[PDB]
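*Asks:* Can you keep this structure in mind? I'll have questions shortly.
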Amino acid sequence: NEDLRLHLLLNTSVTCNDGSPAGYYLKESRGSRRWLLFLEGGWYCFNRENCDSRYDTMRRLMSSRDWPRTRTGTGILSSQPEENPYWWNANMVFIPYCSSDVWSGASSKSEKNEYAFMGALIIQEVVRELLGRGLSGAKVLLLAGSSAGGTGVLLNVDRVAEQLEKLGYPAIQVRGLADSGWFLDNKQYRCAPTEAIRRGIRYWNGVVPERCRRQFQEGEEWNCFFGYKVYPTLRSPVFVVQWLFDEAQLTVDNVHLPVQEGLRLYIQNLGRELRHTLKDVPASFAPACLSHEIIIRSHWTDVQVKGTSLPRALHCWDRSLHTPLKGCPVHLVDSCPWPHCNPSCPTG
Ligand SMILES: O=c1[nH]nc(-c2ccc(Cl)c(C(F)(F)F)c2)o1
Ligand SMILES: *[C@@H]1O[C@H](CO)[C@@H](O)[C@H](O)[C@H]1NC(C)=O
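Residue numbers (the deposited numbering): 86 to 275, 285 to 351, 355 to 419, 427 to 452.
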């Protein structure tokens, strides 16, 4: 099944990096007032030189010219209840990541700019075009995303909520699901995300949520790309999915996997730090695994924390947003200290 169909944005001034129109893939569900808008991930680029390289060998992530007419919805984007126990009947939207700006950019290609970085405007334009295609009737809009798209959820969920309020749709409940986008600005074990993001925000004209921007102020907006710093400033409900030993986190930390004491302590400390940042995140799913992304993989149902799968936790979250619920938990953070100490971790 290739059940999500491409729509290029009617406002062709909202573009991918190379000026081609951005777009979205849509699979409507007439019987449903639930809308899932998923933000693709795929790292970023932050200067002319590294964006040029990405354009050579990651061009679907900077351009729509080669996109296919359809995509198959998988995992949380699947319409089969066997694969997606959580929201199989929802209206499904996959928003391709073609702005290389962690979904933060608001800059057009111009005399001054070789590339457009319009991630934040792509999201707003998708939302506004979908209102004419049924989203106006929605009860819940779940903005989800993986990796850079998960960070994009944190950066954009409150803006989507404000956009819908200002457009006259205050009944649509906007919520966020951030998968594998909750990173730590920690010491490396041996370019670095904080500096690259600082440079990126400038290169992209990047924007961050207002309350977080007001806390950190000019020149320090890079702080708002880090979940534990931006999450407390957000008003929309956000469910956080994060492997405790995320492969992308380890990569930026210069860890490449007998492990000797120094690295053992480094890895154990990373897990404990991640766990600590989630202590006050009531809706979260954080298994003790070495992996990356979870929600659009076809076998996303297999992992469990304390005996509860992610589709179940998300269903429990839905119920909680109608006192904790008997046997239907929403805060699921592993406490064991080493990758794969949870037997349900992905096998690779
Ligand atoms: O697609 C991917 N894989 N790994 C990332 C990633 C890793 C670390 C950091 Cl700090 C960030 C952020 F938060 F600013 F973008 C993103 O993004
Ligand atoms: C197209 O998008 C741009 C950027 O968001 C916006 O300024 C402009 O008003 C939009 N045009 C139309 C006709 O919607």
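Backbone N, C-alpha and C fix where the C-beta goes; we use that ideal spot for every residue, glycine too.
The alpha helix (DSSP H) spanning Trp298 covers which residue range?
*Replies:* As a first step, residue 298 is located in the sequence shown; it is residue number 204 there, counting from the start. Where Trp298 is concerned, the enclosing alpha helix (DSSP H) stretches over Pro287 to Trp298.
*Asks:* When the Cβ atoms of the stretch 394-414 are set against those of the stretch 430-446, are three or more pairs found closer than 8 Å?
*Replies:* These segments touch.
*Asks:* Using only the heavy atoms of ligand 2, determine whether one of them is closer than 8 Å to the beta carbon of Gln248.
*Replies:* The residue you call residue 248 lines up with position 163 of the sequence shown. No, the Cβ of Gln248 stays beyond 8 Å of every heavy atom of ligand 2.
*Asks:* Does the Cβ of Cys285 have 16 or more other Cβ atoms within 10 Å, making it buried, or fewer, making it exposed?
*Replies:* In the sequence shown, the residue the question calls residue 285 occupies position 191. With fewer than 16 other CB atoms across the displayed protein chains lying within 10 angstroms of its CB, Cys285 is exposed.
*Asks:* Where DSSP assigns a beta bridge to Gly108, which residues make up the other side?
*Replies:* Locating residue 108 in the sequence shown gives position 23, where the first residue counts as 1. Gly108 pairs with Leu93.
*Asks:* Cβ of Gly126 within 8 Å of any heavy atom in ligand 1?
*Replies:* Locating residue 126 in the sequence shown gives position 41, counting from the first residue. Yes - ligand 1 has a heavy atom lying nearer than 8 Å to the Cβ of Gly126.
*Asks:* Tell me whether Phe310 sits in a helix, a strand or coil according to DSSP, three-state version.
*Replies:* The residue labelled residue 310 in the question sits at position 216 within the sequence shown. Residue state, collapsed to three classes: helix.
*Asks:* Buried or exposed for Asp340, going by 16 or more other Cβ atoms inside 10 Å?
*Replies:* One-based indexing of the sequence shown puts residue 340 at position 246. Under this definition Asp340 is a buried residue.
*Asks:* In this structure, how does DSSP classify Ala191 when only helix, strand and coil are distinguished?
*Replies:* Counting from 1 along the sequence shown, the entry for residue 191 is found at position 106. Coil.
*Asks:* Thinking C-alpha only, which one of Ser388, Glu358 and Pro379 is nearest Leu338?
*Replies:* Locating residue 338 in the sequence shown gives position 244, where the first residue counts as 1. Measuring from the Cα of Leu338, the nearest candidate turns out to be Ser388.
*Asks:* How long is the line joining the alpha carbons of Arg372 and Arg329, rounded to whole angstroms?
*Replies:* In the sequence shown, counting from the first residue as 1, residue 372 sits at position 275. In the sequence shown, counting from the first residue as 1, residue 329 sits at position 235. About 22 Å.
*Asks:* Under DSSP, the beta strand (DSSP E) around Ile364 begins and ends at which residues?
*Replies:* To locate residue 364, count along the sequence shown from 1; it is residue 267. Run containing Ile364: none in the beta strand (DSSP E); it sits in the alpha helix (DSSP H), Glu358 to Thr374.
*Asks:* On a Cα-Cα basis, can you pick out the residue from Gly127, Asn446, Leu89 and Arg296 that is closest to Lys403?
*Replies:* On the sequence shown, residue 403 is found 306 positions in, with the first residue counted as 1. Answer by Cα proximity: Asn446.
*Asks:* What residues in its chain sit with their C-beta under 8 Å from that of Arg416, if we drop five residues either side in the sequence?
*Replies:* Your numbering for residue 416 matches position 319 in the sequence shown. So the list reads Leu429 and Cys432, once near-sequence residues are dropped.
*Asks:* Could you tell me whether the Cβ atoms of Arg118 and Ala223 are closer together than 9 Å?
*Replies:* On the sequence shown, position 33 is the one that residue 118 refers to. On the sequence shown, position 138 is the one that residue 223 refers to. Result yes, Cβ atoms of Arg118 and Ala223 sit closer than 9 Å.
*Asks:* Can you name, in chain order, every residue of its own chain whose Cβ lies under 7 Å from the Cβ of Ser114, other than the five neighbours on each side?
*Replies:* Mapped onto the sequence shown, residue 114 falls at position 29. Excluding positions up to five away in sequence, the list reads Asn174, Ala175 and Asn176.
*Asks:* Enumerate in chain order the residues of its own chain whose CB-to-CB distance from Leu360 is below 8 Å, with the five nearest sequence positions on each side excluded.
*Replies:* For the purposes of this step, residue 360 is taken as the residue at position 263 of the sequence shown. Answer for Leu360: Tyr274 and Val349, listed in chain order.
*Asks:* Check whether the Cβ atoms of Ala191 and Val301 lie closer than 9 Å to each other.
*Replies:* The count along the sequence shown starts at 1 and reaches residue 191 at position 106. The count along the sequence shown starts at 1 and reaches residue 301 at position 207. Yes, Cβ-Cβ distance for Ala191 and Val301 is below 9 Å.
*Asks:* Ordered along the chain, which non-local residues of its own chain (more than five positions away) have a Cβ less than 6 Å from that of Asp377?
*Replies:* Locating residue 377 in the sequence shown gives position 280, counting from the first residue. Cβ within range, chain order: n/a, list empty.
*Asks:* Excluding the 5 residues preceding and the 5 following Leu226 in the sequence, name in chain order all residues of the same chain whose CB lies nearer than 6 Å to its CB.
*Replies:* The sequence position of residue 226 within the sequence shown is 141, counting from 1. So the list reads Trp120, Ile257 and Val259, once near-sequence residues are dropped.
*Asks:* I want to check one thing, is the minimum distance from the CB of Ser195 to the heavy atoms of ligand 2 below 8 Å?
*Replies:* Counted from its first residue, the sequence shown places residue 195 at position 110. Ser195: no, Cβ never under 8 Å from ligand 2.
*Asks:* Name the two residues that bound the continuous alpha helix (DSSP H) containing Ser381.
*Replies:* Mapped onto the sequence shown, residue 381 falls at position 284. In the DSSP assignment, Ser381 falls outside any alpha helix (DSSP H) and lies within the beta strand (DSSP E) extending over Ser381 to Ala383.
*Asks:* Anyone know if the C-beta pair for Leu94 and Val211 falls short of 9 Å?
*Replies:* The sequence position of residue 94 within the sequence shown is 9, counting from 1. The sequence position of residue 211 within the sequence shown is 126, counting from 1. It is a contact, given that the beta carbons lie within the stated cut-off.
*Asks:* CA-CA distance, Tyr129 and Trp414?
*Replies:* Position 44 of the sequence shown, counting from 1, holds the residue named residue 129. Position 317 of the sequence shown, counting from 1, holds the residue named residue 414. Answer to the nearest angstrom: the Cα atoms are 31 Å apart.
*Asks:* Could you check how far apart the C-beta atoms of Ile392 and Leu262 are, in whole angstroms? I think they sit under 8 Å.
*Replies:* The count along the sequence shown starts at 1 and reaches residue 392 at position 295. The count along the sequence shown starts at 1 and reaches residue 262 at position 177. So it is a contact: roughly 7 Å between Cβ atoms.
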